[PDB]
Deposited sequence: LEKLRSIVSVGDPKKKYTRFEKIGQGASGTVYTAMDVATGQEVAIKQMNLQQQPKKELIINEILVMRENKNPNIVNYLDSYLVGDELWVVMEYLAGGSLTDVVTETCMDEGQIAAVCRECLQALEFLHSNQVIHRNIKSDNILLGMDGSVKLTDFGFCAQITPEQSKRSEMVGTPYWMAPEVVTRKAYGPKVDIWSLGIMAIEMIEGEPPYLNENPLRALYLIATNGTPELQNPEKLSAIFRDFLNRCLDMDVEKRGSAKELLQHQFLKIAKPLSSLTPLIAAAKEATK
């Protein structure tokens, strides 16, 4: 009823052809057509994408199925799992991510599902945020276990800074290939986030002092003492960032590895 009155009219096979099933998710099934097409909470997802238009957010085009811009570079997931990123490369991705979060938070929107799987890359090195299926001071236990802030896990009145935590977990993936406790169960991971809070790196000695600082400001247990997207954009670590072209050899490596 509300849904039909938002979505455009017509057969979703009248405007688009060459349907090649690229991915599969719990949310739906992602196809390519160049555009990308997927097939109460579904209403919230569409409206959020329409009103919050930033170059650091995957551009929403139309609905009937959802139609978006196609980012040929793939997901940050293949880069974090198949390649080794240098600190400059990690800083470049973090800066673009905080630029997406800054824009969302300022416009009073919490993402709640920040992870590498929701980071799409352009063939030019562009870093863009997607999946607003979970977006919303707040009190519902929503997200992906391994990326959830402890206050979300423990069922406390959480805010926009929960996205800063998951970004800190996403920095761990960039370093190690996986979020902390990925070997464990999603349920075991939940107990571990609540009981341990700040996760440890397997090899912190390998990181620089600024990168160790940026990580501790993303993963601070005290919400007030944890950084905001505005605060972290001016961080020392973000100054060592590389141009976004430094990410295109990473994209080339992930394509070759996942073939």
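Enquirer: What portions of the deposited sequence, indexed from 1, have no corresponding C-alpha atom in the structure?
Expert: No C-alpha for residues 1, 35-41, 48-56, 82-87, 160-166.
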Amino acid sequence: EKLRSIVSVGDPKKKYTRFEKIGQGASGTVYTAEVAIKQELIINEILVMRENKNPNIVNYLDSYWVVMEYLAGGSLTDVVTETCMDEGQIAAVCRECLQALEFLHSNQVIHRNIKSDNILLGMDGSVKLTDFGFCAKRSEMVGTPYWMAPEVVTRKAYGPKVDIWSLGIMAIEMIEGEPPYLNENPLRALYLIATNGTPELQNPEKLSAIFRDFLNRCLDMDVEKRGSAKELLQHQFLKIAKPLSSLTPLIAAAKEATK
From here on, numbers count along this sequence of modelled residues.
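Enquirer: Averaging only over Cα atoms, indicate whether 185-193 or 165-173 has the higher B-factor in the PDB entry.
Expert: In the deposited entry, the stretch with the higher C-alpha B-factor mean is 185-193.
Enquirer: Mind pulling up the entry and telling me whether 213-221 or 22-30 has the higher mean Cα temperature factor?
Expert: Taking the mean C-alpha B-factor of 213-221 and of 22-30, the larger value falls to 22-30.
Enquirer: I'd like to know which of 153, 157, 90, 79 has the highest C-alpha temperature factor in the PDB entry.
Expert: Comparing C-alpha B-factors across 153, 157, 90, 79, the maximum falls on 157.
Enquirer: Please work out which residue in 107, 116, 83, 130 has the highest C-alpha B-factor recorded for this crystal structure.
Expert: Top of the list by C-alpha B-factor: 107.
Enquirer: Taking the values exactly as deposited, rank residue 99 by C-alpha B-factor within its chain and report the matching third: lowest, middle or highest.
Expert: For residue 99, whose C-alpha B-factor we compare with every modelled residue in the chain, the answer is the middle third.
Enquirer: Lowest, middle or highest third: where is residue 9 by C-alpha B factor in its chain?
Expert: Its C-alpha B-factor belongs to the highest third of this chain's values.
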